[PDB]
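Note that each Cβ is placed from the backbone with ideal geometry, even for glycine, and that neighbours are counted across all protein chains shown. All of the numbers you see were taken from the coordinates with simple rules; none came from a lab.
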Amino acid sequence: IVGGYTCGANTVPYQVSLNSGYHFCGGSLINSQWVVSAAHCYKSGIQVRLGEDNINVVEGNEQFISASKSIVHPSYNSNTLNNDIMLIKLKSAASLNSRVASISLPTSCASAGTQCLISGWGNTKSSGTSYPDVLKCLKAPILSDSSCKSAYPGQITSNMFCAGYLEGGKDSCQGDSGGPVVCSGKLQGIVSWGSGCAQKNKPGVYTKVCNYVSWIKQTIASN
Ligand SMILES: N=C(N)c1ccc(/C=N/OCC(=O)O)cc1
Ligand SMILES: [Ca+2]
């Protein structure tokens, strides 16, 4: 997260870190057994880490649970990033508390102009590289679909939305991938892609979760 703020320990209790020997993506806990992340975060041997603040220090509230299965969206296209969403099932249910909690799926899509909360342990520099220890957060508005398409001509599908600041300076970044965009208390987006981070006229592009609720519900009902 570039140009954001320190969230505060366990104030984003649905935020997870995906670990394969090292943190590589974020994710969102949607119930005691399932995490929503980006399909471009897929790999084998994922361990899901819940209740994290400092990802490099065991502070006492963590739950580390191995993934038993990963399900990439059947129409995920890794070239265009269309349908950039995947479900990860935990091999055992998380214990839900104040520091580890699920986030609701939306019943309707979010509105242009709505301020959402984007979070992660990704790069904090728009140029250069610096990774934070503690979870970072950013308040950013959903952009109009026409400004989104204008920013990325030929690349924005109905399964994507832009959020952020056209002036630059504030954005999600590498390492935030797969993490939550929460608007009005619902998981509305997943950190997906962008041209660099916090660049002028290049806002963040996010998977439009409201399009996938049926698939999510069907998939979790059968796996
Ligand atoms: N909002 C952005 N500008 C943005 C969003 C997501 C990414 C993700 N890159 O994937 C590689 C990785 O995470 O290691 C980059 C930039
Ligand atoms: Ca920790």
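Just name the residue that is nearest to ligand 1 (Cβ to nearest atom) out of those in the stretch 44-53 that are assigned to a loop (DSSP other than H, G, I, E, B) and among the charged types (D, E, K, R). Residue satisfying both the conditions and the ranking: 52.
Residue count for the stretch 178-194 satisfying the condition of being within 7 Å of ligand 1 (Cβ to nearest atom) and in contact with a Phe, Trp or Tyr (Cβ under 8 Å, 6 or more places away or on another chain): 2. In the set (1) surrounded by 24 or more Cβ atoms within 10 Å (Cβ to Cβ); (2) over 18 Å from residue 117 (Cα atoms), the condition left unmet by residue 180 is number (2).
Counting only residues that are away from ligand 1 (no atom under 13 Å from the Cβ) and crowded, with 24+ Cβ neighbours inside 10 Å, the stretch 149-177 holds 0 of them. Residue-level check: of (1) without any contact (Cβ under 8 Å) to a residue 60 or more places away in the chain; (2) under 27 Å from residue 103 (Cβ atoms); (3) touching a strand residue (DSSP E or B) at 6+ places or on another chain (Cβ under 8 Å), residue 171 misses just (1). Of the residues making up the stretch 110-128, one or more are among the polar types (S, T, N, Q), under 17 Å from the mean Cα position of the chain (by Cα) and not in a loop (DSSP other than H, G, I, E, B). Before we move on, is residue 56 within 16 Å of ligand 1 (Cβ to nearest atom), assigned to a loop (DSSP other than H, G, I, E, B) and either of a type in the set (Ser, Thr, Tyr) or out of contact with any strand residue (DSSP E or B) (no Cβ under 7 Å at 6 or more places or on another chain) (or both)? Taking the combined requirement at face value, the residue does not satisfy it.
Residues that are crowded, with 22+ Cβ neighbours inside 10 Å and in a helix (DSSP H, G or I) within the stretch 129-147 are absent altogether.
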